[PDB]
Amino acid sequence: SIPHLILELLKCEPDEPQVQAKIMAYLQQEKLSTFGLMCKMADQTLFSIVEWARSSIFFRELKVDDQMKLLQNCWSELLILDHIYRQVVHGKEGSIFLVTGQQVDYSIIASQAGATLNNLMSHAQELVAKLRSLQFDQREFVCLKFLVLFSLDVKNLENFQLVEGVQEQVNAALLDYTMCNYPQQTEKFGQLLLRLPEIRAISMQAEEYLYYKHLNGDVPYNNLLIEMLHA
């Protein structure tokens, strides 16, 4: 069984085919290297992440200033978690599955990148491998999305009451869920949570790299990614 709270979280998930077709159609309607393409994917996915958050349970109760503070804190972690889960579900050996449904060979991306991006990509695929081995599932994924979004490290929130509540109760429901549905993995809950600091680290390194690439003139023109990089 799935705890009531997690059932409520699942109801807020986007229609994946609709989002997939939207981004593919936008990029189709749109002189771009593979790196530029990845930036465009990130930018378009951020619009979908904001739309998802805005309409989600609990988040929709927050005033816009609180909503902004939370998203400014975690946007890159949500992008990376989204990517990681997509590889867990749809990915395979030596290929990368994109939000458009496009599958690209890993070397097509990696051979064209320098050390920093290669390291980040490699670290991301290690998380993919680890979460595979844990049998990371959709219920756990949506829980982690909410734990990433409702961070206790965000200062000056007006409604910290609600944010701490969500963090506490999603934690409780996730533990209940993993203890129930994966009893043979007695430490699954702890192993899932250990991935959050790793995602934070990768996300911060990714932001620093993209910030450098923007200063260097390598990030294609966009609206949202650049604004979030300055968040």
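Start at 1 and count along the sequence shown; that's the residue number.
None, 1 to 3, 4 to 9, or 10 or more: how many residues of the deposited sequence lack coordinates between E168 and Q169?
In the record, the chain runs straight from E168 to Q169 with none unmodelled.
119-127 versus 74-82 - which carries the larger mean C-alpha B factor in the record
The recorded data point to 119-127.
Is the mean CA B factor in the deposited entry higher across 176-184 or across 62-70?
Higher mean C-alpha B-factor in the PDB entry: 176-184.
Hey, what third does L27 fall into on Cα B-factor, ranked over its chain?
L27: CA B-factor falls in the highest third of its chain.
Considering only modelled residues of the same chain, in which third does the CA B-factor of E207 rank: lowest, middle or highest?
Its C-alpha B-factor belongs to the lowest third of this chain's values.
Name the third of the chain's ranked CA B-factors that contains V99, choosing lowest, middle or highest.
Its C-alpha B-factor, which the entry lists for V99, ranks in the highest third among residues of this chain.
Chain-wide C-alpha B factor ranking for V219, given as lowest, middle or highest third:
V219: CA B-factor falls in the middle third of its chain.
Mind checking which third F160 falls in for C-alpha B-factor across the chain?
Within its chain, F160 is a highest-third residue by C-alpha B-factor, going by the deposited values.
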